[PDB]
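The lines below spell out each chain.
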Amino acid sequence: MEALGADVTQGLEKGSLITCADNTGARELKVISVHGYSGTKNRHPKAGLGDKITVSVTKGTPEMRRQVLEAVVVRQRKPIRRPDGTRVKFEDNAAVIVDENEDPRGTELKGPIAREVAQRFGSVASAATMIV
Amino acid sequence: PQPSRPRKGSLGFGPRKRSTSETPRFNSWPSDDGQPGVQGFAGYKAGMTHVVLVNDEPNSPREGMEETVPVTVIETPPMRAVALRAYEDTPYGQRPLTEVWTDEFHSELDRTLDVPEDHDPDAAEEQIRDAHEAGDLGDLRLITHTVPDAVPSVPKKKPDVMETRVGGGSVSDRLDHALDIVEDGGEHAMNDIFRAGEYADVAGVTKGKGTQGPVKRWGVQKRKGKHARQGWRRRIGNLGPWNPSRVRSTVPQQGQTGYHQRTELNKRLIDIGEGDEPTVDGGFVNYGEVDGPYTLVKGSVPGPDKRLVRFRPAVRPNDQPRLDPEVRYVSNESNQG
Amino acid sequence: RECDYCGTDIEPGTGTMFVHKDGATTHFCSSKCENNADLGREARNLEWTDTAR
RNA sequence: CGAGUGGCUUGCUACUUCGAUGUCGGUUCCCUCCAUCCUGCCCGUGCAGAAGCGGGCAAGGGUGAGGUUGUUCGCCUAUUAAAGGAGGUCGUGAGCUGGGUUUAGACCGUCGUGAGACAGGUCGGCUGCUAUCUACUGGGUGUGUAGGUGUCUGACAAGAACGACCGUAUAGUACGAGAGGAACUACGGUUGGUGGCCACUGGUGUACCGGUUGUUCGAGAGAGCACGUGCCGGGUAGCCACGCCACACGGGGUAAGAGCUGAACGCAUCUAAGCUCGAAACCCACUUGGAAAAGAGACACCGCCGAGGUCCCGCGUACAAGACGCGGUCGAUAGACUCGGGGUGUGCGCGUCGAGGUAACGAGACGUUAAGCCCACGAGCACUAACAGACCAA
RNA sequence: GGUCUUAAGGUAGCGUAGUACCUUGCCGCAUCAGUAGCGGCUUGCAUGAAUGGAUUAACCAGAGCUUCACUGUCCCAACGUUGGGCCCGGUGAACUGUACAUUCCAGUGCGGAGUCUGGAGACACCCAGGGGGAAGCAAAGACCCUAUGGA
RNA sequence: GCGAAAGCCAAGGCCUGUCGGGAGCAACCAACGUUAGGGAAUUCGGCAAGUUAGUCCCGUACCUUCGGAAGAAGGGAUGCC
RNA sequence: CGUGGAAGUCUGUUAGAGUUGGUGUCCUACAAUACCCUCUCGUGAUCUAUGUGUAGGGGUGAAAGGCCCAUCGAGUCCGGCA
Ligand SMILES: [Cl-]
Ligand SMILES: [Cl-]
Ligand SMILES: [K+]
Ligand SMILES: [Mg+2]
Ligand SMILES: [Mg+2]
Ligand SMILES: [Mg+2]
Ligand SMILES: [Mg+2]
Ligand SMILES: [Mg+2]
Ligand SMILES: [Mg+2]
Ligand SMILES: [Mg+2]
Ligand SMILES: [Mg+2]
Ligand SMILES: [Mg+2]
Ligand SMILES: [Mg+2]
Ligand SMILES: [Mg+2]
Ligand SMILES: [Mg+2]
Ligand SMILES: [Mg+2]
Ligand SMILES: [Mg+2]
Ligand SMILES: [Mg+2]
Ligand SMILES: [Mg+2]
Ligand SMILES: [Mg+2]
Ligand SMILES: [Mg+2]
Ligand SMILES: [Mg+2]
Ligand SMILES: [Mg+2]
Ligand SMILES: [Mg+2]
Ligand code: NA
Ligand code: NA
Ligand code: NA
Ligand code: NA
Ligand code: NA
Ligand code: NA
Ligand code: NA
Ligand code: NA
Ligand code: NA
Ligand code: NA
Ligand code: NA
Ligand code: NA
Ligand code: NA
Ligand code: NA
Ligand code: NA
Ligand code: NA
Ligand code: NA
Ligand code: NA
Ligand SMILES: [Sr+2]
Ligand SMILES: [Sr+2]
Ligand SMILES: [Sr+2]
Ligand SMILES: [Sr+2]
Ligand SMILES: [Sr+2]
Ligand SMILES: [Sr+2]
Ligand SMILES: [Sr+2]
Ligand SMILES: [Sr+2]
Ligand SMILES: [Sr+2]
Ligand SMILES: [Sr+2]
Ligand SMILES: [Sr+2]
Ligand SMILES: [Sr+2]
Ligand SMILES: [Sr+2]
Ligand SMILES: [Sr+2]
Ligand SMILES: [Sr+2]
Ligand SMILES: [Sr+2]
Ligand SMILES: [Sr+2]
Ligand SMILES: [Sr+2]
Ligand SMILES: [Sr+2]
Ligand SMILES: [Sr+2]
Ligand SMILES: [Sr+2]
Ligand SMILES: [Sr+2]
Ligand SMILES: [Sr+2]
Ligand SMILES: [Sr+2]
Ligand SMILES: [Sr+2]
Ligand SMILES: [Sr+2]
Ligand SMILES: [Sr+2]
Ligand SMILES: [Sr+2]
Ligand SMILES: [Sr+2]
Ligand SMILES: [Sr+2]
Ligand SMILES: [Sr+2]
Ligand SMILES: [Sr+2]
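- Taking the PDB entry as the reference, chain C is identified by name as 50S ribosomal protein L24e belonging to Haloarcula marismortui.
- Its UniProt record, at the heading Function, says of chain C: "Binds to the 23S rRNA."
- Word for word, the UniProt comment on chain C under Sequence similarities is "Belongs to the eukaryotic ribosomal protein eL24 family."

- For the record of chain B, the UniProt heading Function holds the text "One of the primary rRNA binding proteins, it binds directly near the 3'-end of the 23S rRNA, where it nucleates assembly of the 50S subunit."
- UniProt's Sequence similarities comment on chain B is quoted here verbatim: "Belongs to the universal ribosomal protein uL3 family."

This is the structure we're talking about:
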């Protein structure tokens, strides 16, 4: 994928619970896979900011729960690194449900987003309110 | 079926024993392309700081933008190519044919050497030329050495001697180039062979770790779950199968870790200089204050502060050289925060 | 730049930038002072900071 | 239908062990096989492209994470380039685990007159030993080659030191009616592996500084104990990963394959001689080790009555002993002193304010005081200690 | 089958159960995925009435499963603390020992060899290590059968 | 302090749960502390560890043999002068 | 609402009794059944000291074929016995 533009440290692993920052009706999300990731024997497949992860709807509306949907990790708690060494971390690790063509499934994106996510999923970017 | 997994640790750097000469000895020198020149220099690791540059990569979108980059400081004062060794080509590889020395030596070269009193340079030189005339002259290397005394941070005065190859020009031409350098005092600086922006090969003897277990040494797992309470924590599963009825030398075992020679490739020389420009507030921890001849080598460098590091024009470069990168900021910020 | 907490003239290539629930951006010159806000402490309240002295 | 190879299933035999070769599954760690799942190069097609289907060469590397079951097996999920199979006493219990089988207790079904049974189910139910030899990991002492120092050589040995993927441009182009939809090449990043390092982020930090609870030294100051820090906060040097740095191309020779010239056979033919090409595979390249390589090495210098080394003394870039490295007054090697660089957070005493209280008394605030206290770092500084001298040696 | 054996011929209930072979039964719940657990169905290989059946509040170091919370159980290891471990003085055993013994690779042999055959390798001694091998040591196998054995 | 509870300290007893010396003291083991992000992914099974925690107040479901369930759950409070 | 203070009642490392897990330490041991943490009971069918009774095909047994001096699906010693 198009170089993120920053060095991360996957704050999440498979089975990890994150918040679905948007208005899809999905509140809680469960990381299930990481698009383009092959680990190594005995390792929790690591999910990080700027990753297209496969996800499951933990908490949400009756129609949304139990759904296997794609998403883009928008926020995460573990720091990332920018070209000038400076680190950046978020009040919480969250993701935006994206679609087949990688465009958001909702319309509103709650809370901030990383200026690195923008590059890749610009359709998500041209929807982001705060872009840090 | 038991998932697959690459073996723990690499087998290339074996045996993992302590090094014989704390002074690195390259086992491969650059090809002869350009003008006659010595193929490497050396210095002493001082410490680490970062620096800000302007992206040189013509391919990166960051090209033109500032960028913070880490750098190891290495005091590289002038060395002295005290001699010239010639190699004759025999049916059993290269063998030292003869050497050519000098008069002007460093006041303290006798701390390690048995300095010459009666040498016959002109004659010895003849031997080399008659051998080249015969078509048996192999390669030309210059016995070299450092002036540890020049660096205050380094306690040692007793010079570190090491041979270095000379190449580039045609056998004849470089031969003379050698003698010329030597036929003075052999004094030369890092700028006499390098230029900021060039990728080099830094070799050094790693930091001393003493004996360590498999986990630390070969990166093997620790006992897990319930297996870490029965009286086994950093010990591996076993030393092999029933048969072969022996212990194969490829199983991770306790041993000497560290103090090994390593030749860290493609180290870009971020900046060559002289003065107190890279020194830190309070002084480079467990080293001291820098002031004078040196090099800012991008990234890490094998070895601890005060250890003799050796440079060499990259034998296997991957990218193209971006001479003299714009170094905007060099950190003077203290290393005790 | 400069620390959004204590007020030290921040060293380039050294630091941490923090976003919040709201979405603001408070920089930190060190985790030493970062962990002060975790203790409800303020830069002015704490004498030892460039703000309070 | 016929011909076989294998030794992974099962079965047959009863050669081997009954003065005992520890079970299944799992786990951890190393080596291997190819009947190749992926990756590379290829042939065919019901081969437009794209995505396939079948086949060849090929064992370099990879072949991951999870849900139920003790399971092996298998079923299922989501990722993937792919999530291949087998051997090593169905590798591995003087390694681990002990869930299943298979003791002694007990229940249910069945059978049994009964004790009790079960090639049924179920709950529970233990894991010894100080390593002589040998083996490999690392570390020393000697002898040999036959005075010393420094620098080399390179027979040999090891490596996967790299593997894979995505994205961009190529290009909405080739191709196709369309739908759909590439490549060469050059770029950026990711992943797995690898070696090294600590400027930065992160962890630790029972050095240290601070708050504070109980109790003891009358109070105050200041201190001990509360597990080997009472607890809470912060935490430098160091070590560290969760941090950071580096890890080719290209050559050479082949395989399968494409071909060239070419005869036996006037033609024809890639082959019989001969030749051009061609795999992630082989050699080289690169890294590592490596004078004990018995053909026991090379070069330079120094010295045989003195080169050099040991001892000793001060210490670490070294360290389980041994080893190693540096310094030893022609000195900054260690300590003290003083800066500097850092840690904590504003000292004791005193002054004022202080809800109140007749007063005594008063938690606290403030100023003095970015104070006091502290540092495993750096500098300056020969003040202290590197003194004294002993021995070996051609 | 619309009585026969042998007296009767399973009624309330409970039921894939600690009983159900088939079996990971079908359905639903639950999870990304559930041979697990619960509910329902149930012809019950081979449920069932004091050989007690069903029911159950409370009780339990009893068996199984789910959720919230927590976390070094794991991802994936790190640093630290105390006692050992290592060197020195002193004290000072035991297990084990047919012999020889520097081994490896194959082969061979009562078919599981340091010692045989052929090769390869190998200068001696010593320190620390983790235990691959001596089908390591420890117990005249508990398993199996046998004995004109025992209880 | 609820306490014959912990912790601390008397009176009293003892330094005889009777071998010492040295190495920032390595590997490895026993006890143990702290670990960012995630949070049972570990395993047969949360085994081990951890979480919770005293006292006061508000409040507390199903079911029940009316005894109980119940400290259910949940929420707030807590020092000093 | 108060008084009352019942119970094979509760919490409890009060004394005391027991012994779930770690399958931890130990396993030529401190110990021929031990150490540590956890855990259970703890006014009763309770715990305990001393004295006393039951003896081997016999006692005793809230029953495990448990226990009867490290000896129990039939104690121990000596004899039959070579
Ligand atoms: Cl293990
Ligand atoms: Cl996955
Ligand atoms: K046997
Ligand atoms: Mg596994
Ligand atoms: Mg630092
Ligand atoms: Mg800092
Ligand atoms: Mg055996
Ligand atoms: Mg093949
Ligand atoms: Mg292979
Ligand atoms: Mg079972
Ligand atoms: Mg086996
Ligand atoms: Mg074994
Ligand atoms: Mg065993
Ligand atoms: Mg069982
Ligand atoms: Mg019985
Ligand atoms: Mg043992
Ligand atoms: Mg059922
Ligand atoms: Mg027997
Ligand atoms: Mg029997
Ligand atoms: Mg009988
Ligand atoms: Mg954590
Ligand atoms: Mg698992
Ligand atoms: Mg537990
Ligand atoms: Mg009595
Ligand atoms: Na143990
Ligand atoms: Na075995
Ligand atoms: Na066969
Ligand atoms: Na096993
Ligand atoms: Na392969
Ligand atoms: Na499985
Ligand atoms: Na076996
Ligand atoms: Na086993
Ligand atoms: Na065992
Ligand atoms: Na090629
Ligand atoms: Na019946
Ligand atoms: Na009970
Ligand atoms: Na821990
Ligand atoms: Na062994
Ligand atoms: Na019997
Ligand atoms: Na009443
Ligand atoms: Na116990
Ligand atoms: Na009797
Ligand atoms: Sr060299
Ligand atoms: Sr070499
Ligand atoms: Sr154990
Ligand atoms: Sr064998
Ligand atoms: Sr293929
Ligand atoms: Sr099997
Ligand atoms: Sr099956
Ligand atoms: Sr296996
Ligand atoms: Sr079992
Ligand atoms: Sr059974
Ligand atoms: Sr001899
Ligand atoms: Sr493309
Ligand atoms: Sr289109
Ligand atoms: Sr203490
Ligand atoms: Sr051919
Ligand atoms: Sr030699
Ligand atoms: Sr009926
Ligand atoms: Sr041992
Ligand atoms: Sr006293
Ligand atoms: Sr004594
Ligand atoms: Sr701490
Ligand atoms: Sr579970
Ligand atoms: Sr699991
Ligand atoms: Sr509460
Ligand atoms: Sr009671
Ligand atoms: Sr158990
Ligand atoms: Sr113990
Ligand atoms: Sr025992
Ligand atoms: Sr424990
Ligand atoms: Sr109780
Ligand atoms: Sr009472
Ligand atoms: Sr007798």
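### Comments concerning the protein's contact with RNA strand G
Residue and element names in this part refer to chain B.
Logical step 1: Lining the immediate environment of RNA strand G, one finds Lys226, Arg229, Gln230 and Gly231.
Logical step 2: Close to the protein, within 4 Å, the atoms of RNA strand G belong to sugar or phosphate groups at a rate of 100%.
Logical step 3: One of the side-chain N or O atoms of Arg229 is found 2.9 Å from a phosphate oxygen in RNA strand G.
Logical step 4: Between a phosphate oxygen of RNA strand G and a side-chain N or O atom of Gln230, the distance comes to 2.7 Å.

### Comments concerning the interface of chain C and chain A
Logical step 1: Tallying the contact residues gives 12 residues for chain C and 12 residues for chain A.
Logical step 2: The contact between chain C and chain A buries some 1000 Å² in all, and 62% of this surface belongs to carbon and sulfur atoms.
Logical step 3: Considering only the side of chain C, the residues that lose the most area to chain A are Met17(C), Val19(C) and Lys21(C), jointly responsible for 44% of the buried surface there.
Logical step 4: On the surface where chain C and chain A come into contact, there are one salt bridge.

### Focus on the packing of aromatic side chains
Logical step 1: Under the definition given, this model contains five aromatic pairs over all chains.
Logical step 2: For the pair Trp101(B) and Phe105(B), a centre-to-centre distance of 6.3 Å together with 80° between the ring planes defines the contact as edge-to-face.
Logical step 3: When its relative accessible area of 23% is taken as the criterion, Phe105(B) is described as partly exposed.
Logical step 4: Between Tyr5(C) and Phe28(C), the aromatic rings sit 6.0 Å apart at their centres with planes inclined by 35°, giving tilted as the arrangement. Here the residue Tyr5(C) occupies a position in the segment before β1 (16–19), and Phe28(C) occupies one in strand β2 (residues 25–28), the gap between them amounting to 23 residues.
Logical step 5: By relative accessible area, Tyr5(C) is classed as buried at 12%.
Logical step 6: Ring-pair connections join several aromatic residues into one group, and the members of that group are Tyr5(C), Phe18(C) and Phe28(C).
Logical step 7: Positioned over the ring face of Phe18(C) is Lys89(A), at 5.8 Å from the centre of the ring.
Logical step 8: Across the ring face of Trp48(C), the terminal group of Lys32(C) is positioned such that the distance to the ring centre comes to 3.2 Å.

### Let's talk about the protein's contact with RNA strand E
Logical step 1: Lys30(A), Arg66(A), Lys224(B), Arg234(B) and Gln253(B) are the nearest of the 27 residues found near RNA strand E.
Logical step 2: Taking all atoms of RNA strand E within 4 Å of the protein, the share assigned to sugar and phosphate is 74%.
Logical step 3: Contact between RNA strand E and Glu13(A): a base oxygen at 2.7 Å from a side-chain N or O atom of the residue.
Logical step 4: Contacts to RNA strand E include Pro244(B), whose backbone N or O atom sits 3.4 Å from a sugar or linking oxygen.
Logical step 5: Class assignment of the residues belonging to the surface near RNA strand E gives a composition of seven nonpolar, 10 polar and 10 charged.

### Some thoughts on helix α1 (residues 121–134) of chain B
Residues and elements named next belong to chain B.
Logical step 1: With 14 residues, α1 should cover 20 Å at 1.5 Å per step; its first-to-last C-alpha distance of 20 Å lies within 8% of that length.
Logical step 2: Restricting attention to buried positions, one finds in α1 the residues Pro121, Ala124, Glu125, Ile128 and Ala131. Buried residues of α1, seen end-on, are gathered within an arc of 120° and therefore sit on one face of the element. For α1, exposure combined with an orientation more than 90 degrees from the buried face picks out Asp122, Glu126, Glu133 and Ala134.
Logical step 3: Just beyond α1, the residue with positive phi is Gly135, at close to 85°.

### Description of the UniProt feature "binding site: Zn(2+)" in chain C
Residue and element names in this part refer to chain C.
Logical step 1: Taking the UniProt record as the reference, the feature "binding site: Zn(2+)" is found at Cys3, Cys6, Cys29 and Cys33. For the annotated residues, spread through 31 residues, the largest C-alpha to C-alpha distance comes to 9.9 Å, consistent with a single compact locus.
Logical step 2: Of note, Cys6 is situated in the segment before β1.
Logical step 3: We classify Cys6 as buried; its relative accessible area is 3%.
Logical step 4: In this structure, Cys6 is in contact with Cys29, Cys33, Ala43, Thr49, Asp50 and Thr51, ignoring residues within four places of it in sequence.
Logical step 5: Classification of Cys29 by relative accessible area gives partly exposed; the value is 24%.
Logical step 6: Ignoring any residue separated from it by four or fewer positions in sequence, one finds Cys29 in contact with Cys3, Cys6, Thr8 and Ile10.

### Looking at a positive patch on the surface
Residues and elements named next belong to chain B.
Logical step 1: A cluster of basic residues, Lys207, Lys209, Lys216, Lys222, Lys224, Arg233 and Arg234, forms a positive patch on the protein surface.
Logical step 2: With respect to the helices and strands, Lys224 occurs in the loop between α3 (214–218) and β12 (255–258).
Logical step 3: We classify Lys224 as partly exposed; its relative accessible area is 46%.

Quick notes on the rules
Residues numbered from 1 in each chain as written, not as in the entry; some residues may be left out. Chains lettered and ligands numbered in written order. Part of a larger assembly, values for the part shown. Heavy atoms only, no water. UniProt positions renumbered as here; feature names shortened; annotations may be inferred. Near = heavy atom within 4 Å. Polar contact = N/O pair within 3.5 Å; in protein donor to acceptor, adjacent residues only side chain to side chain. Contact = heavy atoms within 4.5 Å. Buried area = accessible area lost by both parts, 1.4 Å probe. Salt bridge = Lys/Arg side-chain N within 4 Å of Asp/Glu carboxyl O. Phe/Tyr/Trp six-rings, centres within 6.5 Å; stacked < 30°, edge-to-face > 60°. Buried < 20%, exposed > 50% of the residue type's maximum accessible area, 1.4 Å probe, protein only. Helix = DSSP H or I, 4+ residues; strand = E, 2+ residues; numbered from the N terminus. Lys NZ or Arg CZ within 6 Å of the ring centre and 35° of its normal. Nonpolar A, V, L, I, M, F, W, Y, C, P; charged D, E, K, R; others polar. Expected span 1.5 Å × (residues − 1). Arc of directions from axis to C-beta. Patch = residues over 30% accessible without salt bridge, like charges linked within 9 Å, V, L, I, M, F, W, Y side chains within 5 Å. Areas by Shrake-Rupley, 256 points an atom, 1.4 Å probe, with all protein chains shown as cover. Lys, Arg positive; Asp, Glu negative; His and termini not counted. Charge placed at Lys NZ, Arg CZ, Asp CG, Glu CD.

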